[PDB]
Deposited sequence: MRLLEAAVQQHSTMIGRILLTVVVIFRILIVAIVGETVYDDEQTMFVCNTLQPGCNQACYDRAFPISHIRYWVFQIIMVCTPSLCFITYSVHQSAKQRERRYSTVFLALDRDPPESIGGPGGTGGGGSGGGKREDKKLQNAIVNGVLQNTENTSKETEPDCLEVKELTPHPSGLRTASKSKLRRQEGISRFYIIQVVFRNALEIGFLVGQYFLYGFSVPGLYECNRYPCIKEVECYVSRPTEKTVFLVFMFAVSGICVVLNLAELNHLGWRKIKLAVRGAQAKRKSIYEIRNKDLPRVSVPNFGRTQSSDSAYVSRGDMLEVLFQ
């Protein structure tokens, strides 16, 4: 019952990592080339794009994948050079993944709107801008949040048993 969950964690991790490496890289290719605003101003496309999407979805997910696999790198490299390390590494993984999930919800939310209203310099008054591919990016948002939730839950399976 409790033993197999490790199989589930490993498989969702590698799954999680190749959806994000083979699918996500090309939904987000033309983000800024196909982002258009309704103005004649130079430099308002750049301002309003950077205000709407300060850090892209896929950069945050790459960093979140790499950062929650660093504790394992420590646990491997300690073994090669040679259980108190084990529990520490597990609690640190749990803390990192919860912090990253809640930071995700607070950065992005649950949706990607199709319109944005922008009032940064050099734009005059407020302007309207149009996102390219909002429904696919919404589906990807919700899929990553669900997988993140599943691994949060399964990591919390192991915590209670030994702790």
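Residues of the deposited sequence lacking C-alpha coordinates, counted from 1, fall in the stretches 1 to 11, 94 to 188, 270 to 325.
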